[PDB]
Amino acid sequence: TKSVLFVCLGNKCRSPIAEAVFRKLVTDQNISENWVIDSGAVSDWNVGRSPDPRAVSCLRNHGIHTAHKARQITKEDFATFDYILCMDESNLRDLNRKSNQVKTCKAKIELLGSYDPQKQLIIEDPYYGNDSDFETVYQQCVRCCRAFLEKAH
């Protein structure tokens, strides 16, 4: 098996959409059983919370559902995941710093948008935006997730 953890600051908007998009992808390709997929937060502030309703509604528009509840990344995640794919530069900075406080970091830590063929590198926080911003995130996630499944960096 291979494993990937999608991360943003709060684990309520972007990373639960990424997680759900990627889970749909590996189920559609009949290889769900060879993947451990999760999402998590830099911050502990939103722990326990369901995804933003606008993320739920966006996923529903695309026939996808998630049961995810927000959790904070742990030191153990750095030792167990093959890939930690995050949304923006703030996330990358925080994860790289946290990476440096663990003895063994197995995980490669990359921006999810570094996989985008259309080269939009940052998946911007939609929380203060509107439902069109959630849809842009979903579409970016589709492109990046399918590029990552094809070939990892």
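Residues carry their position along the shown sequence, with the first being 1.
- Of the two stretches examined, 99-107 and 41-49, the record assigns the greater average C-alpha temperature factor to 99-107.
- Mean CA temperature factor is higher for 119-127 when stretches 119-127 and 53-61 are set side by side in the entry.
- The PDB entry assigns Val4 a C-alpha temperature factor belonging to the middle third of its chain's modelled residues.
- Split the chain's modelled residues into thirds by C-alpha temperature factor. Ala67 is in the highest one.
- Ranked by C-alpha B-factor against the other modelled residues of its chain, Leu112 falls in the lowest third.
- Per-chain ranking of the deposited C-alpha B factor places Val26 in the middle third.
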